[PDB]
Amino acid sequence: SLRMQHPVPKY
Amino acid sequence: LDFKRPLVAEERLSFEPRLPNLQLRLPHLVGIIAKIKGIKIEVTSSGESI
Amino acid sequence: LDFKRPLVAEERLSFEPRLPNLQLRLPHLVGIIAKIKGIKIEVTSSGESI
Amino acid sequence: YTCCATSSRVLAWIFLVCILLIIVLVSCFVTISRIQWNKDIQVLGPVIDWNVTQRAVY
Ligand SMILES: *[C@@H]1O[C@H](CO)[C@@H](O[C@@H]2O[C@H](CO)[C@@H](O[C@@H]3O[C@H](CO[C@H]4O[C@H](CO[C@H]5O[C@H](CO)[C@@H](O)[C@H](O)[C@@H]5O)[C@@H](O)[C@H](O[C@H]5O[C@H](CO)[C@@H](O)[C@H](O)[C@@H]5O[C@H]5O[C@H](CO)[C@@H](O)[C@H](O)[C@@H]5O)[C@@H]4O)[C@@H](O)[C@H](O[C@H]4O[C@H](CO)[C@@H](O)[C@H](O)[C@@H]4O)[C@@H]3O)[C@H](O)[C@H]2NC(C)=O)[C@H](O)[C@H]1NC(C)=O
Ligand SMILES: *[C@@H]1O[C@H](CO)[C@@H](O[C@@H]2O[C@H](CO)[C@@H](O[C@@H]3O[C@H](CO[C@H]4O[C@H](CO[C@H]5O[C@H](CO)[C@@H](O)[C@H](O)[C@@H]5O)[C@@H](O)[C@H](O[C@H]5O[C@H](CO)[C@@H](O)[C@H](O)[C@@H]5O[C@H]5O[C@H](CO)[C@@H](O)[C@H](O)[C@@H]5O)[C@@H]4O)[C@@H](O)[C@H](O[C@H]4O[C@H](CO)[C@@H](O)[C@H](O)[C@@H]4O)[C@@H]3O)[C@H](O)[C@H]2NC(C)=O)[C@H](O)[C@H]1NC(C)=O
Ligand SMILES: *[C@@H]1O[C@H](CO)[C@@H](O[C@@H]2O[C@H](CO)[C@@H](O[C@@H]3O[C@H](CO[C@H]4O[C@H](CO)[C@@H](O)[C@H](O[C@H]5O[C@H](CO)[C@@H](O)[C@H](O)[C@@H]5O)[C@@H]4O)[C@@H](O)[C@H](O[C@H]4O[C@H](CO)[C@@H](O)[C@H](O)[C@@H]4O)[C@@H]3O)[C@H](O)[C@H]2NC(C)=O)[C@H](O)[C@H]1NC(C)=O
Ligand SMILES: *[C@@H]1O[C@H](CO)[C@@H](O[C@@H]2O[C@H](CO)[C@@H](O[C@@H]3O[C@H](CO[C@H]4O[C@H](CO)[C@@H](O)[C@H](O[C@H]5O[C@H](CO)[C@@H](O)[C@H](O)[C@@H]5O)[C@@H]4O)[C@@H](O)[C@H](O[C@H]4O[C@H](CO)[C@@H](O)[C@H](O)[C@@H]4O)[C@@H]3O)[C@H](O)[C@H]2NC(C)=O)[C@H](O)[C@H]1NC(C)=O
Ligand SMILES: *[C@@H]1O[C@H](CO)[C@@H](O[C@@H]2O[C@H](CO)[C@@H](O)[C@H](O)[C@H]2NC(C)=O)[C@H](O)[C@H]1NC(C)=O
């Protein structure tokens, strides 16, 4: 198991 | 490429297999060994000694 | 072996492909390289440098 | 004359010492590089276990 938070652009 | 969110699915009884885990030690220079052959080569066995 | 003269055909609309032409440069000793492996071996890529 | 004769003698001694040192330097490098290659061959290599959690990067 591995839970991660990928950042994404919001402009 | 686009990784989509999946459609919600109903649970049912599973028959998925669960294999044993395994730890595997490779040679220090495995990259050089694979390179100089130019082909897919056997390097070790699952149980082999150092 | 015998190369016959073919039967006259009727022409129809063609859908044959026509590929681009391509110049390729090979290593000077390519015949020695292929020899000492004893197996079909990669020698270059279409766009590679000298 | 004597300065020239002396300069020629001193020049030859330093020129001789220059080369005897280069012989030594190259002889050492070939020895050490070859031995380190032998040692490199016999070190323990990596371990794989398919564990994703172990290779997380935050
Ligand atoms: C699309 O499809 C794919 C599949 O093709 C889907 O992926 C699959 O999704 C499943 C979930 O529905 C996953 O299952 C889950 O796996 C979790 C991780 O399991 C491993 O860790 C467990 C915990 O280990 C730690 O903690 C224990 C102490 O509790 C320590 O001992 C350990 O050292 C760790 O610290 C561990 O129990 C598991 O061990 C089992 O599996 C391995 C091989 O994977 C075997 O070597 C083991 O022997 C063992 O299997 C045997 O024993 C277990 C019970 O002990 C039996 O169930 C087996 O049948 C077998 O006999 C792993 O090391 C689990 O935590 C998670 O558990 C949930 O479910 C159980 C009941 O089933 C509950 O009790 C739990 O509380 C929890 O809710 C669940 O099993 C699959 O792994 C995953 N498949 C793959 C290959 O990744 C995908 O999601 C699908 N996607 C979509 C969009 O649909
Ligand atoms: C059994 O089957 C086999 C095949 O499976 C049969 O063999 C095939 O038979 C065909 C005839 O029916 C042959 O076609 C003929 O090829 C001739 C040679 O074509 C090459 O040279 C052309 C001329 O090049 C010089 O001159 C120009 C200036 O004019 C200069 O720029 C050049 O540098 C040269 O100096 C040239 O135009 C051709 O180029 C085209 O093909 C190559 C790949 O082969 C591509 O790289 C090119 O991009 C180009 O294709 C594109 O552009 C052309 C138009 O320019 C389009 O047609 C293409 O679809 C594509 O978009 C070659 O380099 C041709 O001269 C000859 O032309 C006749 O037909 C045209 C109209 O179609 C007339 O206008 C002409 O006046 C002339 O009558 C014809 O096309 C096949 O080559 C041959 N195939 C193979 C693989 O061998 C066999 O015969 C059969 N046997 C039996 C018994 O049935
Ligand atoms: C499959 O599984 C095997 C077994 O686990 C793996 O091989 C073993 O790998 C480990 C980890 O690399 C080795 O551990 C080191 O062991 C030495 C001491 O070895 C001596 O004592 C052992 C006691 O049981 C004995 O089995 C050994 O016998 C083998 O070696 C001799 C000598 O070449 C040979 O004659 C025999 O035929 C056997 O081949 C041997 O007598 C120890 O000194 C090491 O210490 C270092 O690491 C520790 C801990 O990190 C540290 O505290 C120390 O200071 C030092 O840094 C280390 O423990 C083990 O010896 C290996 N055994 C064999 C049989 O090879 C194998 O790698 C797995 N294969 C695959 C493909 O994954
Ligand atoms: C795919 O396509 C490429 C590009 O065409 C092919 O590679 C080229 O092959 C030709 C023909 O053999 C080479 O021509 C020779 O070039 C030298 C001068 O090279 C210098 O100037 C170039 C100017 O653009 C520059 O690109 C060169 O850079 C490459 O080489 C340097 C040096 O090693 C390297 O650091 C770079 O990274 C590049 O790899 C370089 O700075 C020229 O002196 C030669 O002169 C002879 O030929 C002429 C004409 O016949 C003659 O008049 C002279 O007297 C003399 O006999 C010659 O022109 C070219 O260098 C190659 N370029 C590269 C990038 O490799 C490649 O072969 C094709 N692939 C395949 C598989 O076919
Ligand atoms: C897979 O990798 C993880 C991370 O290294 C292992 O989980 C750790 O296990 C130790 C005990 O051995 C615990 O002290 C840590 O708290 C655990 N960390 C996490 C993030 O879970 C895990 O045991 C490894 N092996 C398996 C079978 O999953």
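Residues numbered from 1 in each chain as written, not as in the entry; some residues may be left out. Chains lettered and ligands numbered in written order. Part of a larger assembly, values for the part shown. Heavy atoms only, no water.

- In terms of determination method and resolution, the entry is listed under cryo-EM at 11.9 Å.

- Looking at the PDB entry, chain D carries the name Envelope glycoprotein, with the source organism given as Eastern chimpanzee simian foamy virus.
- What the PDB entry is called, per its title line, is "In situ subtomogram average of Prototype Foamy Virus Env pentamer of trimers".

- As named in the PDB entry, chain B is Envelope glycoprotein, taken from Eastern chimpanzee simian foamy virus.

## A closer look at the layout of surface pockets
Phase 1 of the analysis: The space that makes up the largest pocket amounts to roughly 420 Å³.
Phase 2 of the analysis: Lining the largest pocket are 21 residues, with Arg25, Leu26, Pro27, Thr44 and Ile50 of chain B sitting closest to its centre.
Phase 3 of the analysis: For the lining of the largest pocket, the secondary structure elements donating two or more residues are β1 (24–25) and α1 (30–37) of chain B.
Phase 4 of the analysis: What the second largest pocket holds in volume is close to 210 Å³.
Phase 5 of the analysis: Taken together, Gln23, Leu24, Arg25, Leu26, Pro27, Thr44, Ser45, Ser46, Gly47, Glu48, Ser49 and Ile50 of chain C make up the lining of the second largest pocket.
Phase 6 of the analysis: For the lining of the second largest pocket, the class distribution of residues is 4 nonpolar, 6 polar and 2 charged. (1 Å grid on protein atoms, 1.4 Å probe; cavity = no way out; pocket = protein on both sides within 12 Å on 5 of 7 lines; lining within 4 Å. Points joined across faces, edges and corners; volume = space filled by probe spheres on them. Helix = DSSP H or I, 4+ residues; strand = E, 2+ residues; numbered from the N terminus. Nonpolar A, V, L, I, M, F, W, Y, C, P; charged D, E, K, R; others polar.)

## Observations concerning the site of ligand 5
All names here are of chain D.
Phase 1 of the analysis: Residues in contact with ligand 5, as listed here, are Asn51, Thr53 and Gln54.
Phase 2 of the analysis: One nitrogen or oxygen atom from the side chain of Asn51 is found 2.3 Å from an oxygen atom belonging to ligand 5.
Phase 3 of the analysis: Coverage of ligand 5 by the protein amounts to 22% of the 580 Å² it exposes when considered alone. (Near = heavy atom within 4 Å. Polar contact = N/O pair within 3.5 Å; in protein donor to acceptor, adjacent residues only side chain to side chain. Areas by Shrake-Rupley, 256 points an atom, 1.4 Å probe, with all protein chains shown as cover.)

## Quick notes on the pattern of salt bridges
All names here are of chain B.
Phase 1 of the analysis: In the structure shown here, the tally under the stated rule is 3 salt bridges over all chains.
Phase 2 of the analysis: One salt bridge in this structure joins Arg12 and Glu10, with 2.8 Å as the shortest N-O distance.
Phase 3 of the analysis: Accessibility expressed as a relative area gives 64% for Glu10, which makes it exposed. (Salt bridge = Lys/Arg side-chain N within 4 Å of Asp/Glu carboxyl O. Buried < 20%, exposed > 50% of the residue type's maximum accessible area, 1.4 Å probe, protein only.)

## Here we look at the arrangement of the chains
Phase 1 of the analysis: A comparison of contact numbers over the 3 pairs of chains in contact places chains B and D at the top.
Phase 2 of the analysis: The closest approach of any C-alpha atom in chain A to one in chain B is 13 Å; the two make no contact.
Phase 3 of the analysis: Nothing in chain A touches chain C; the tightest C-alpha to C-alpha distance between them is still 36 Å. (Contact = heavy atoms within 4.5 Å.)

## Some details on helix α1 (residues 30–37) of chain C
Phase 1 of the analysis: For α1 of chain C, the buried fraction is low: 0 of the 8 residues fall into the buried class.
Phase 2 of the analysis: Among the residues trailing α1 of chain C, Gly38 of chain C stands out with phi positive, at a value near 75 degrees.

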